[PDB]
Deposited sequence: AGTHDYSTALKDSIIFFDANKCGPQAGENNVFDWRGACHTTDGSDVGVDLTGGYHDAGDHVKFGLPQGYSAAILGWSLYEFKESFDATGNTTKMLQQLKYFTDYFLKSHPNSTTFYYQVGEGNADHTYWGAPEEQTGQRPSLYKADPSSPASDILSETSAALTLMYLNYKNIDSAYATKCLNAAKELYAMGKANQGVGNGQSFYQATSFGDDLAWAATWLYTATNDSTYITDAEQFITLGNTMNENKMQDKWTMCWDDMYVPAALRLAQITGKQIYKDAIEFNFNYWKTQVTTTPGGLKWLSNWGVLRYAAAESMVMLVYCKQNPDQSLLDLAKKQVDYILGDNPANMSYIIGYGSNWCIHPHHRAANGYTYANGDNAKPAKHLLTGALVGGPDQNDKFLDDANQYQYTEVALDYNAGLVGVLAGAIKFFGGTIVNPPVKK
């Protein structure tokens, strides 16, 4: 299409998070009238209030790595493209989504050396299909990080999310912002003190933490101007990921970390890492007949949006028309410029997905979970099509209909960037 409404898509992509809010206050200032208080006793098994935060995807477990990653990427979006949010009147709502994340992180850090990062057990949670408000019983505070239990990647992403909140909220509530920075410093300290990846069951199997430590370190530098953090960062990022053939996602933050280090240190090694990844996506990554960069089969649009966001952040200082064109094509494809003639953002554009893999939106139980979703899950980015640009909008095809926090995190960022460069 000659013109696209990036403004409305941005608003919708932010609104999506309201559908996954968890806790006694989940329904407060929530755009969806079908969402209410849920899992109000989280943390009761360990004597700590662990309510709040967000359900991970179509399920209700709160997984630490994607929870932290999502909060960090959303915070990065606001930090780099603030003008886009202000101009479209989305800053207020965005800040509310972010504070819902940070309030949860702070409550999950009872003392300086402890951090609870998973509420719920994946296997059991998935045997349930119904509204989160009616899921009773006891959820276990399954995992926590402490001096004897490492979770460097989770702790670092959470630290980055908290530091970004300090940067994005200091002008609104400096006291709360500082509380976030102090917590961010402590979580980072925990992460480098005992090194190793955190636990995510078989659902979120992590493979690297050096990328996260480096990433968290660059933000602490931006907030404190303390060079020691960069000394740490240069060491952690090298723990060959300098030739990353993947992209930014919950498990791999090597590209974003390299981008910030190139900006902060000016070293060629980091500039080369970014150039490699970008050039790899330009010609090596599979391209569907429809023009979509297809990295892998699961959450394919999530990957295209994430890489595009990184390229747009890079373009702020180093405008490269080849990058802007690539990024714009991926975004436009998601919005409706594709062989399937459908918007991949539910509730936006035309002929959107009617079978999202989301319990709350579905609205049925085991009496009809195969019927079309009863409620409109506005703003959700679905898994996406196959390498032939085909989309199967039906009940059991999860690869196509899955939705998740980490999927939308990158979408918000790229849309904010699109408004700046093409808006």
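Coordinate coverage of the deposited sequence is interrupted at 240 to 245, 374 to 375, 432 to 441, where no C-alpha atom was modelled.
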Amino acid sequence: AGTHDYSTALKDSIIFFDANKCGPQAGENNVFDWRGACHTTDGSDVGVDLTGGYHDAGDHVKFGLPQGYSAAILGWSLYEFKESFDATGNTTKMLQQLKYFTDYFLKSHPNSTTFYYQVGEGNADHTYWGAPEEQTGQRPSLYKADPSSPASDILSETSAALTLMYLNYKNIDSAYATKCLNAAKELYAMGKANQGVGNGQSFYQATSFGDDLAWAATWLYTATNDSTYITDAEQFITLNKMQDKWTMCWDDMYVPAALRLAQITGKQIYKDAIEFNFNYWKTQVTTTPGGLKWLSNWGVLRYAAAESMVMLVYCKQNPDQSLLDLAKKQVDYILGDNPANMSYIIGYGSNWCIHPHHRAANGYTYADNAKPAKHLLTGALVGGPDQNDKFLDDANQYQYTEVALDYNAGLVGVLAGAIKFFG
From here on, numbers count along this sequence of modelled residues.
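Between 269 to 277 and 73 to 81, the higher mean Cα B-factor belongs to 269 to 277. Taking the mean C-alpha B-factor of each stretch as recorded, 240 to 248 and 178 to 186 are not equal, and the higher mean is that of 240 to 248. The top Cα temperature factor in the record, among 304, 161, 340, 214, falls on 340. Highest C-alpha temperature factor among 328, 316, 93, 260 per the entry: 316. Among the modelled residues of its chain, residue 30 has a C-alpha B-factor that falls in the highest third according to the deposited record. Residue 147: CA B factor lies in the highest third for its chain, per the PDB record. In the PDB entry, residue 38 places in the middle third of its chain by CA B-factor.
In this PDB entry, the Cα temperature factor of residue 395 sits in the top third of its chain's modelled residues, the highest group. The entry lists a Cα temperature factor for residue 388 that places it in the highest third of the chain's modelled residues.
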